[PDB]
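Quick note: the coordinates plus some simple rules give every number you see, no bench work behind them. Note that we place each Cβ from the backbone using ideal geometry, even for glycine, and neighbour counts take in every protein chain shown.
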Amino acid sequence: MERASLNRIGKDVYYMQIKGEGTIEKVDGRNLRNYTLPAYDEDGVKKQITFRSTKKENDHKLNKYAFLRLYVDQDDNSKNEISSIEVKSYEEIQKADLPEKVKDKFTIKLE
């Protein structure tokens, strides 16, 4: 009826999975190329995030089954008033990089 598994500290890190690619959204009469995929934070709570290929991102990667790791920064980091309150970077990873809660949130205990 009780466990000493008390932990109240988390991190500003999210995890996403690749579902598709060719997605267009026409804004101002102009066709934009963006990606909208489901994500989970370190606690495993469901999220939905939209990213895009920057001038820093090479192609070929992003495997339709592989996972992603999204880094978000805190609005006031330390000395600078302006910071990356939105997703500053992302990383392509495997199920092993995922925390125990998140991995189960993706596979739904299927494996």
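For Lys56, state whether it is out of contact with any strand residue (DSSP E or B) (no Cβ under 8 Å at 6 or more places or on another chain) and surrounded by 13 or more Cβ atoms within 10 Å (Cβ to Cβ).
No, not satisfied.
Mind checking whether some residue in region 73-81 is surrounded by 13 or more Cβ atoms within 10 Å (Cβ to Cβ) and within 25 Å of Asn7 (Cβ to Cβ)?
Yes, there is a match, as at least one residue in region 73-81 is surrounded by 13 or more Cβ atoms within 10 Å (Cβ to Cβ) and within 25 Å of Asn7 (Cβ to Cβ).
Of all residues in region 13-40, which are surrounded by 12 or more Cβ atoms within 10 Å (Cβ to Cβ), touching a residue at least 24 places away in the same chain (Cβ under 8 Å) and not β-branched (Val, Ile, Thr)?
Scanning region 13-40 gives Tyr14, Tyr15, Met16, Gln17, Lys19, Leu37, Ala39, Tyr40.
Please give the strands (runs of 3 or more DSSP E) falling wholly within region 29-111 in which 2 or more residues are basic (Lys, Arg), touching a helix residue (DSSP H, G or I) at 6+ places or on another chain (Cβ under 9 Å) and closer than 16 Å to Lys19 by Cβ. If you could, list the steps in order and put the result at the bottom.
Working: elements: 30-33, 35-41, 46-51, 67-72, 87-93.
Where strands (runs of 3 or more DSSP E) fall fully within region 29-111, none carries at least 2 residues being basic (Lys, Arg), touching a helix residue (DSSP H, G or I) at 6+ places or on another chain (Cβ under 9 Å) and closer than 16 Å to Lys19 by Cβ.
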